[PDB]
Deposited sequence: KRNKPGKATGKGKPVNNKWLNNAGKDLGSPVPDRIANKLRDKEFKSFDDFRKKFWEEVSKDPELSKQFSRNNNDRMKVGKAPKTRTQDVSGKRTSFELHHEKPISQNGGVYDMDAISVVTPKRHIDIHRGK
């Protein structure tokens, strides 16, 4: 809701970036993605989120990790759909968890895990 610039380094990820989105704090912001968003202004986190996912769709190493239907979603700024086993009610797409626009404190998690995180689980 409040503007600001994106900061952070992120981390290198393998060809299975979101395999742990449903565990612990999920997956980190890929370093390559952080390089594209670093120092950019965003009117709101939601804005950061759209931009984040659009960047993902443009990174060859990450996009290939998603199906055609999920890449199309990311291309328009929407988070990819999670597997059915990871949804939670109407929350059916990956979410961003804060540990601001500090990419080093932001992670990607499934809805089910995100709920548990905020409940101490």
Gaps relative to the deposited sequence fall at 1-2, 102-109
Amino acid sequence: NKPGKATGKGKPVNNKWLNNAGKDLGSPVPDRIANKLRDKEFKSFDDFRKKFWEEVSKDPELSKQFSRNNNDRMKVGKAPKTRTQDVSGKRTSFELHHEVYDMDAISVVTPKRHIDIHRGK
From here on, numbers count along this sequence of modelled residues.
Regarding 41-49 and 56-64, which shows the higher C-alpha temperature factor on average in the entry? 41-49
Out of 69-77 and 31-39, which one has CA B-factors that are higher on average in the deposited record? 31-39
Split into thirds by Cα B-factor across the chain's modelled residues, where does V100 land: lowest, middle or highest? highest
